[PDB]
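Next up: a single chain in structure tokens, the form deposited in one PDB entry.
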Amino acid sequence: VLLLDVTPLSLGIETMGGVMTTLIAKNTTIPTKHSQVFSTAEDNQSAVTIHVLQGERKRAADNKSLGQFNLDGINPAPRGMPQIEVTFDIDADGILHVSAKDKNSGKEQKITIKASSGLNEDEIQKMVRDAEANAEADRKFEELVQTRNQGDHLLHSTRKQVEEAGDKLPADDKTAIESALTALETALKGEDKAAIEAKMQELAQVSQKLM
């Protein structure tokens, strides 16, 4: 064939820390269907937001928003335990169906996105050029968010481990840990990946007693 229908830009959702995660790559022939399992960002999370995006940027904010919906009623559990199946299905007419289903509860929510939605030809070409001109920066952003999410998860895990230990943790140890948790919390608000990792290292250096 010399011609066929494609979806012109990548399609996906916003994940923890403002990153776009792709479900359907740009230029995929349509009709197409792809599913991916996601989970919760923190412990005891009973609801997730499914924000549908079109574009090639790593920051969710830089892509075209196609719509959003919430999935509620997830049983509060440790982070990473829920299995949230997200499906993107584009039919032959270019109509996009997005669904999210929590495997444990059976709870499901969906949205239908019209084929006329998203970016036009000129905006598509600008999107592609802007992504290539910002490839290094977008990569650094993505690496920064992965570190931030690890740091955020370390902050929560340490805090829970401290309370679970309680009296067994010596005074001098507990104070050094609380001070390093504050230094990590501050570093997480910045955009320097190595500064966050160094604060995670300093926290680990004062946390041997909890281990």
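A residue's number is simply how far along the shown sequence it sits, counting from 1. So that the term is clear: the rigid core is the largest set of C-alpha atoms that superpose within 1.5 Å between two forms.
- The stretch 133-141 shows the higher mean C-alpha B-factor when 133-141 is compared against 79-87 in the entry.
- When the mean C-alpha temperature factors of 200-208 and 1-9 are read from the deposited coordinates, 200-208 comes out higher.
- As recorded in the PDB entry, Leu181 shows the highest C-alpha B-factor of the residues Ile50, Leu181, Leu53, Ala61.
- When the modelled residues of the chain are ordered by C-alpha B-factor, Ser157 sits in the highest third.
- The PDB entry assigns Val37 a C-alpha temperature factor belonging to the lowest third of its chain's modelled residues.
- Annotation for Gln45: CA B-factor lies in the middle third of the chain's modelled residues.
- Split the chain's modelled residues into thirds by C-alpha temperature factor. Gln68 is in the middle one.
- Among the modelled residues of the chain, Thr29 sits in the lowest third by CA temperature factor in this PDB entry.
Below: the form deposited in another entry, not depicted.
- The Cα shift for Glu56 between this form and the one not shown, taken after rigid core superposition, is smaller than 2 angstroms.
- For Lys26, a C-alpha deviation below 2 angstroms is recorded between this form and the one not shown after rigid-core alignment.
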